[PDB]
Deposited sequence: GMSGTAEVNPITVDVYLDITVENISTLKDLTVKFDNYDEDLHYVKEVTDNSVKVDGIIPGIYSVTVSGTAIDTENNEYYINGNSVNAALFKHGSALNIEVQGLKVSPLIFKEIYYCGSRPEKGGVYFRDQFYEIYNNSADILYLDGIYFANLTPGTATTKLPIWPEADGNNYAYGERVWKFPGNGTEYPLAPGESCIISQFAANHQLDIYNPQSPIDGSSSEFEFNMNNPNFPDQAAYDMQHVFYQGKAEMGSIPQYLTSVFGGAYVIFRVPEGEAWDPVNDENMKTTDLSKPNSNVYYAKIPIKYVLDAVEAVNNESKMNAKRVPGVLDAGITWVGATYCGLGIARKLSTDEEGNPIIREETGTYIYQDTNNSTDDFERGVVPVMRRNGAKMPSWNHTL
């Protein structure tokens, strides 16, 4: 029975918190787990021998950046008291709530025509703890379709905003829609079985099990069991208007999810400072919502093809690149890449046994292009509050 001094050389800078951090001491049969809140920990009652020591947890820096931190010391010689052990702990920057998979270009039925109603957006809890989706916003940015034609925004705005075409929000009082680490929330344009003969048997997915949908009460493609997103803004108004479906560009849209802090106010409908026309079109009456860049949780710039890099509408700090599928109605989407190590193996959040997805705020780099769309790919879990359960 001995006490071992452990020192963690954490590679993450300006650490503010050490969340769910543990030091495990395994052996072929003594197994110890110790809670850690500082750079150094004393471990009592450990019987001498050679152990494989592992460090795992989360660090939050002074700028609220989240890191999955990990380290190990293989077959350490633990015999003396108080023997000192040093573990190098490296960190992985983790974006808490991201766009995991997006399908937007529509598909082609064999029966003829086109099918643009199979569109969906899969949101993943990539963080160390439960997040509440309640009241989080969803928007597509303007120009709806990527173009080199540049809008002129008010000088007073500076470079503090993205400009939304249509804005939605999740319903809920604040604690109704939690997402646990490893859980996905899918939002469909029309949350139905697209593979039915009445729709498109060649559609890549059945959107019926989607948690949410952008219902606009289309008489012919009606409201489904999936829960409804709350409409926030369209052309300066709170009302949904005349458009029958929420069809984002089949050439690639610019997507954002954003959170307004509790206490802070944001009303693009009633606050005239939060809405604007394109000043390059002086006769315009089309109003866009001023989305503060500082509120954005994730942004994805999809475009027509690899030629549209000079046609971006997502601010560079949110997405420095462009992603694409290169064609309309090809039934192919985009999927976020997994965070892998040097050897190319997926980095696993051992606390939850879940995947961590790559996010460097560059869609050219973070997304696999032209994949066959899949819902809840790589075992993403459906939340307990899903309408089918």
item: Missing stretches, numbered from 1 on the deposited chain sequence and kept in order; value: 1-9, 38-39
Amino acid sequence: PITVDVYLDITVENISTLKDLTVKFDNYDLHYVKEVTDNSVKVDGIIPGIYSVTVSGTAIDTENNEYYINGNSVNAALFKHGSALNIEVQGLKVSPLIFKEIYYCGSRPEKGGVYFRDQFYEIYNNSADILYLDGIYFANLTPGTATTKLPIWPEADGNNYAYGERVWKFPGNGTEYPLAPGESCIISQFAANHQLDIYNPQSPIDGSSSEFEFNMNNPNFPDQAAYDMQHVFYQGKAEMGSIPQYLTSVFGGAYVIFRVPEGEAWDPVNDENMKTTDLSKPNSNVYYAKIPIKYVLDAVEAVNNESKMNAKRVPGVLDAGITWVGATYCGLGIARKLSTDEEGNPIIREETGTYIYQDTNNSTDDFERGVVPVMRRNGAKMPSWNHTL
From here on, numbers count along this sequence of modelled residues.
property	result
Between 75-83 and 98-106 (mean CA B-factor, as deposited), the higher	75-83
149-157 versus 162-170 - which carries the larger mean C-alpha B factor in the record	149-157
Top residue by Cα temperature factor, when 50, 322, 325, 335 are compared in the entry	50
Third assignment of residue 27 from its chain's C-alpha B-factors	highest
Third assignment of residue 361 from its chain's C-alpha B-factors	lowest
Entry-reported Cα temperature factor of residue 215, expressed as the chain third it lands in	lowest
Third of chain Cα B-factors occupied by residue 311	middle
CA B-factor ranking of residue 181, expressed as a third of its chain	middle
